[PDB]
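Student: Dropping a structure here in structure tokens format, bear with me for questions.
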Amino acid sequence: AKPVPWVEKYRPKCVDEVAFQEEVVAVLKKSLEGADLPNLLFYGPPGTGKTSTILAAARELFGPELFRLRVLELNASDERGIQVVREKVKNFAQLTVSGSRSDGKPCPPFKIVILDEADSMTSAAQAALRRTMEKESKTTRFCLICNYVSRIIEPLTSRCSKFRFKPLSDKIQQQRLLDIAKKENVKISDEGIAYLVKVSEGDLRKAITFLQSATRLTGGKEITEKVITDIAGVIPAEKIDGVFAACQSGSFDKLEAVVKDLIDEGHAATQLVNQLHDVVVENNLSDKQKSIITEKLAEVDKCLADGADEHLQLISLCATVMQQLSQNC
Amino acid sequence: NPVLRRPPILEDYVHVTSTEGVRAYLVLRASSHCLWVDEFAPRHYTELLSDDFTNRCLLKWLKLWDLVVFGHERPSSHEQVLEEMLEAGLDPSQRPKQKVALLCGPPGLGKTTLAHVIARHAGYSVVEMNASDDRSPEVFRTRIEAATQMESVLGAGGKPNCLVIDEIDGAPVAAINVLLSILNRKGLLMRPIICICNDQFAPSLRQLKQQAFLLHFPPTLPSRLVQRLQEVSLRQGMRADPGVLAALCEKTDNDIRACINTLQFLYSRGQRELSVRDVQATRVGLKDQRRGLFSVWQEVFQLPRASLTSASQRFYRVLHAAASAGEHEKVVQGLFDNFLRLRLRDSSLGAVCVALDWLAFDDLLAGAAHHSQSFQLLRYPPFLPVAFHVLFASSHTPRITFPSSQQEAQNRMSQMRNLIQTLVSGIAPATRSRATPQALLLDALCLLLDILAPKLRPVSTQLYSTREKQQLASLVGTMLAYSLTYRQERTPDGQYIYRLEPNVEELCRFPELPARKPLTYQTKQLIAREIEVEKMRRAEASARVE
Amino acid sequence: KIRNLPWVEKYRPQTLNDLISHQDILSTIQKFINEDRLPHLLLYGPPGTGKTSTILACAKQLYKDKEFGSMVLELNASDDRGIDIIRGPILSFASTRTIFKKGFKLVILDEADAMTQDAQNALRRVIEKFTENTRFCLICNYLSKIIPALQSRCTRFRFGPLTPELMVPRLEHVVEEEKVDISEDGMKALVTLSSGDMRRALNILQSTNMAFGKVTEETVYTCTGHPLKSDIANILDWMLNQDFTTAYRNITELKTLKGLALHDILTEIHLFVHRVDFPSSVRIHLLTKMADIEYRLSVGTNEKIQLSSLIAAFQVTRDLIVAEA
Amino acid sequence: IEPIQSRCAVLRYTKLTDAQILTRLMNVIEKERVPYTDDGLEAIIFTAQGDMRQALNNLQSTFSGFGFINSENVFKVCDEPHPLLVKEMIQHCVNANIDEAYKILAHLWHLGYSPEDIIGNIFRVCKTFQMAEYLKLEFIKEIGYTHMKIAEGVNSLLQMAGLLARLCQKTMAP
Amino acid sequence: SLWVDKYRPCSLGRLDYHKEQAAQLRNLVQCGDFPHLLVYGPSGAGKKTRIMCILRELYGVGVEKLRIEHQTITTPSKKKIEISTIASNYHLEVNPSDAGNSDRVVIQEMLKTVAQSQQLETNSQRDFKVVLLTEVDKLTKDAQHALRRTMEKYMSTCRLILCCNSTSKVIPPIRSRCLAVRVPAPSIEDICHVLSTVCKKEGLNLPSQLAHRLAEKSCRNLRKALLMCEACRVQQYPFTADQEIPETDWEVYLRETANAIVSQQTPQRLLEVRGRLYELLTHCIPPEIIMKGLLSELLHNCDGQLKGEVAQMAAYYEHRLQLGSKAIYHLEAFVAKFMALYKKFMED
DNA sequence: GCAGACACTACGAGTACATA
Ligand SMILES: Nc1ncnc2c1ncn2[C@@H]1O[C@H](COP(=O)(O)OP(=O)(O)OP(O)(O)=S)[C@@H](O)[C@H]1O
Ligand SMILES: Nc1ncnc2c1ncn2[C@@H]1O[C@H](COP(=O)(O)OP(=O)(O)OP(O)(O)=S)[C@@H](O)[C@H]1O
Ligand SMILES: Nc1ncnc2c1ncn2[C@@H]1O[C@H](COP(=O)(O)OP(=O)(O)OP(O)(O)=S)[C@@H](O)[C@H]1O
Ligand SMILES: Nc1ncnc2c1ncn2[C@@H]1O[C@H](COP(=O)(O)OP(=O)(O)O)[C@@H](O)[C@H]1O
Ligand SMILES: [Mg+2]
Ligand SMILES: [Mg+2]
Ligand SMILES: [Mg+2]
């Protein structure tokens, strides 16, 4: 009886437990009924449930005894070169479809090849999947899982039926989090769950991780908004007001002081970019100032995505918004 | 005007409103059996077409072997070193100190012809070893040991064997090591060896250059080559002006074989008088020259002297020459290491900034082509030397040196990484986990060296105080915690010095910084002796506990 | 009998008459077959246009089922096609006779752009010397990845994108064979979202028929997740006609309600920009900014900030367009 | 290599002209009794681009598919050469005419050419274009910057339009 | 041992600062179903100390019995690459950035063999093992993409604690799979309290002025503050208030490099500064820290209307340095751009 | 009948380069 984290304890074991992805859930339930399953391409933001949906669909199609004979999962944690596609994928695709479910449930007459994280697969290795998917489509199906669909070549995009996984809405995510908190015998306030579904930004794995960590930190009493705010790394609004006051002052020394205070406090630069953008798009600045401040925010977010230094990007963004705030003064 | 104040009547429109609230409307809707190079090939010494200094130097070098080969006492700048090598005497085993004559130069000059003619002139028998042989080190050793370590079958009156090794630049490094092993074996070498290469700066011939009689071939004199081509055309019954032959000589880049082959194709027997336009045509006689690095750097950094004055012709010439040079990374390193030492007229540093932008563009192209396996991004970095030519064109005479900063930086970085990995390997794993090597280098190295050097007076241990002994014990403990110790070093000046066994001073210290007071010899010797007796008493304490 | 197949493979043009678009090219290849003067073919074009199906129908028309295994040597990117394969199996297939029935043989090199340049240079004299014995068909999506020697040795046919007027009867055939209830706007949505791709037309048709049971405009744009053109017109109107805050609120509410992605919004706004009679400098600025925003979405970025930058790129040019007058 | 080229008489062949291909095409036509017109043979020459193999292949394809050689039968199976429109696209990009350049780009896009082929033809035209040297260098740098994005995975009509807009800006930013 | 290692706390109840976070981390790992952890913050804040305190809370005192394990990993190019791991009977510490660009092979092969095997003893040890990945911000994106499925498949028998400085270099698939634990730098009062308790445990007296100057000069790095305090006690045993503090050599070398930049704006001075930057890069100083030190020194010599453009140029060229592979090109480009801007500002 | 020698192919290892 070992404890398990809630992202694996409450993983969807069937298609009916998958939330908010209604079109692909309807397609997979029709494939459970016996319809013709095509080749699938799942893409979207992280934590939306691309892996759990296809794993639940495969374990409902084949069951426990035929999951090892009909499902081949290849991801970025194992080597996927051109020779792995030429040998391991192609010889699996040429195997016979045999074996029946012992519980009396119907079994589809194909295998499923799950190529999770197809962004990391090279363009040469993706080119060898084309006639493998076309010729062996009578006996196997291919599901490509990725986050950026531009990192998969256009023949494989055309060969697969694309399904985009949307970020989960606040109603569905709040309902799932309240169901998980109900099944775990913990209590969370309405403001706490509202701030949780605002913080998680459609990432249900992040929401479940934050809920489990707030349950462990709280210990079993009421989960308020303060524990959620402290556990999410949300920068307080006084720091944002001090940043904008240092920008309105027009001095670079106070700008360096507030940037060094935010860096030394360990606040992530992506969270600061999000909060500065939220203040900027919801104030009484002019349209031109808001325009170039938001464009600088997009440039800073792009540079942070490429692993640039947080201090230099934040001081460049602060210099730009300081110039914009002191230009009209 | 794309913007209409009034809305359109028939076409579809999309409204545009500014911040002040005024609407704007946009529209939504055996003469015939042999080659001429073989027919006119030189068979005597008097008809050679090379530089006379190189022929005389090779003949004098081969005549220095007559003491040990023929058993007769009597045989019958770059020039100053070769004249000194011919008059520096002989080794005590009555042989020249340079036992290999190395011939280098561009093709079509007559290096093989000079080697064979000079070998047959001095009474030797030419043993030819070329690139069509196996060139494996076992076959290389067997061939050289057959050619050089035995006498002749004919006995008295038999010709000695002079080993001529053509195309030594393409030989593997192990074959050169075999050649150097049979060169410096003290199985003693008694016969001369001649090596011919096209590129003296090959990586496999680095140790061969320091031991050989280096004879660099200059390009052939155009007057002598024009006279020889005139004699060849007169022998074949063909008429040609000196001007058209000089045009052919400057077209073929002073290549004897290419000029004679071009004349053999162009003459035939349909016509006799060769025309200037046939040589000036690019259909016959033009070959792709492999340009050197320094010629490319000169062509880039210096404008041609005064048609050819158009900028597009210089653009295409610089692009094609930099493409035809090869070794693109060396060209980029030379451009990076030579463009700041010029007499730059751009005092605003904009040309330097856009040249560095071009260098970063080349670096990003190399990274993207080596990341996404998309090597069609490598057709753009050929335009980096022509960008440097456009930006830094001058009529002066720049001094171009070889690029060495990036390779020395990489070598020093590898040495410092090896020194860091040697330093962290001695630390205990309990204290290795508490800090990364990067944080230990940035934070805990210079301050650690400030800890390890206290203000210690040159006084013996029996006259120390309680605080001095406690500080010394703490110093020895902190030195033993990081597995550091002092050992003696031998100096050519005759004094002994103590130094750290991992030399972590060069990890910390910098050249332009002010000097700090170091620890003396007596204090460092006392510290080393205290470390040794602390190790002894630590072993004794470990024996006492267990 | 019924088979569990995707509709891109269940409905494949096994004969040359079942293909829809390239009538001149297919007529010329049919007259090549009927006269027995088939040359070395080079079929190139965008994906999903019918290059593999054409040569498979030609191979089934030329050769019978009792001689197909010894007459056609089909190699693709899933097989090893190195220079030892060109010197080995391909050269031995090209240089030998047949076994059962006398005739010319066929070597189909599908996805020939993925071959190395050494193999393509070794392929030249195999094609040229054995023209009377065998024929070579090269299929690629990129003509720049095939060397000009092989482009000279093979006559080239461009299998261009399928026009939406010609994709309608094949989609209607698939619909009447699969018993699909589809309206007119569903067909228009299929042929609009396909963009000259028959594969993804059948993929969107099958996914929409399984997801909803009927194929209309709303079901296609819901299953695919593509924004409606009215949504793009509303986004352009909000971006060009009001201030930053109200446009941000309206576009954010539309993206939250409809579940839109910024890539397709950027694509449709880019298509809308060239239709709007912008000034030249405004058009250049909008194209550069939209290309920058499209490039920024290929990494781990925040889509809300890029949406704000998309609004910003038009909020900058509002005053320039109005002051142009 | 240079030592092999020194050992041989290096002969350099140039591209065949229109009349030189036309004489051999007339010989093949008179051997094969092919009916033809003058503009059809001019279209065959235009599609040949100095290649006799492509001229013979296009002539045989047009004769087998249609039985007559006029311009419409040649251009129904063969195609116009790619850089002959990329040249005026680059010419419109030099004069900062973004509308005509996008018209040529969209015409090349609707014919099914991949962005890699289009940017390869763009670089091929810009390598030997007749303009300023510094403008050509920054054009080539912008082409390489866009080609890195195309090879990275993002390759749409918006990226090519942004490349054309950047090439038009490089003129207006001295 | 030095003062950085002699008085490091062992458990979560003995931490001098972030005591509320210490109690929260104690309550987090009590049940055993805690998720993967992302301990992030500035360097010297105390992240590794809290990670070892979490390991002390989970297992017994046997996590302090560390040993060096040498692993030989085979590249796809069949080149043997040597890496070193610190391991105990309960956990493992891996730094995959020591293998360089082949860290993806380390993640795919070394971590998967650890995760695929359960523990030998299940009574003295717990039901799961902990893998410490240090400096995951220095990992390439390929290694982070290889990391993500191992973090989900074997998270009931193997837990991961990832340590980094900036979470911007961590990809959002990895950041979605783990709980982010923020460890801020200690304040001036916290560093003064730590240094005062260290000096009281050493039998010494530390003034408040000297402790405040040591806290201010360390830039809120407690490791560097403790090293500077021990260096000040080897240099001078009476702790004076105005006692000089020793400095690191690369920092003053960076300051003299920036002074050489602002002294003259010529291509010859640019060549000399390139030589100085080569000397900085050969000593294994990271180029982003070189950019940060340059911007920290160049903005002291700039006027008030020039600092924003220099900061934006420094950020732009540091981003281009992160995109590129040769740091000296982008460093010399930033220095040349600053020289051009400074000459234009001085001449006008 | 069993030990030594001969060449045989498969396999391990090192290196270059990939554009127009
Ligand atoms: N739609 C969903 N319904 C129910 N649980 C979900 C859903 N999405 C995520 N979860 C939970 O979060 C965990 C993560 O789901 P995943 O399938 O790994 O998401 P993902 O799409 O794979 O993210 P990436 O792109 O692989 S990083 C699951 O194991 C569930 O516990
Ligand atoms: N004086 C001469 N008159 C006419 N032909 C000559 C004369 N000297 C040499 N040649 C010919 O020019 C060529 C010289 O090339 P070789 O000496 O054989 O080789 P090489 O000059 O060392 O150049 P490489 O590097 O081997 S290509 C040969 O074909 C000779 O026959
Ligand atoms: N012209 C067409 N007529 C009818 N169906 C077509 C046509 N083109 C494609 N299809 C359908 O799309 C499927 C795939 O067509 P393919 O021949 O594989 O396209 P393709 O031209 O080979 O694309 P690539 O380059 O190989 S990815 C076929 O099985 C048909 O169902
Ligand atoms: N609570 C604490 N009390 C006393 N000293 C501490 C405390 N936390 C950290 N330190 C000291 O500060 C230094 C921080 O280094 P480390 O723990 O490796 O954190 P990081 O990984 O952030 O550098 C350690 O050497 C440790 O001795
Ligand atoms: Mg996944
Ligand atoms: Mg020779
Ligand atoms: Mg195909």
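Sequence positions for chain C are given in Swiss-Prot numbering; the residues included correspond to 16-340, in order.
If you're wondering, the header gives electron microscopy, 2.8 Å.
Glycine too: its Cβ is placed from the backbone N, Cα and C atoms.
Copied straight from Swiss-Prot:
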- C:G60, C:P61, C:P62, C:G63, C:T64, C:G65, C:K66, C:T67: ATP binding site (BINDING)
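Can you tell me where each of these features sits in this structure?
Tutor: Look at C:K66 (ATP binding site): DSSP puts it in a helix. In this view, C:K66 (ATP binding site) is surrounded by 23 other Cβ atoms within 10 Å of its Cβ, with every protein chain counted.
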Student: Would you mind listing, in sequence order, the residues at least six apart from C:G60 (ATP binding site) in the same chain with a Cβ closer than 8 Å to its Cβ?
Tutor: C:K66, C:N156, C:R173, C:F174, C:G175, C:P176
Student: Can you list the residues of the same chain, besides C:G60, C:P61, C:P62, C:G63, C:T64, C:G65, C:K66, C:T67, whose Cβ falls within 8 Å of the ATP site's Cβ centroid?
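Tutor: Output for this site, in sequence order: C:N156, C:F174.
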Student: Applying a 10 Å Cβ distance cut-off over all chains shown, what neighbour count does C:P61 (ATP binding site) have?
Tutor: 23
Student: Could you tell me which of these binding-site residues, C:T64, C:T67, has the greatest number of Cβ atoms within 10 Å of its own Cβ?
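Tutor: The most densely surrounded of these binding-site residues is C:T64.
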Student: Given binding-site residues C:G60, C:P62, C:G63, C:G65, C:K66, which are under 8 Å from chain A when comparing Cβ atoms?
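Tutor: Among the binding-site residues C:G60, C:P62, C:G63, C:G65, C:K66, the ones whose Cβ sits under 8 Å from a Cβ of chain A are C:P62, C:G63.
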Student: What kind of secondary structure is C:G60 (ATP binding site) part of, going by DSSP in three states?
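Tutor: Once the DSSP labels are grouped into three classes, C:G60 (ATP binding site) ends up as coil.
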Student: Under 8 Å Cβ-Cβ to anything in chain D: which of these binding-site residues pass, C:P62, C:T64, C:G65, C:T67?
Tutor: C:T64
Student: Taking the binding-site residues C:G60, C:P61, C:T67, which residues show a Cβ-atom distance to ligand 7 below 6 Å?
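Tutor: Once distances to ligand 7 are taken from each Cβ, C:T67 fall under 6 Å.
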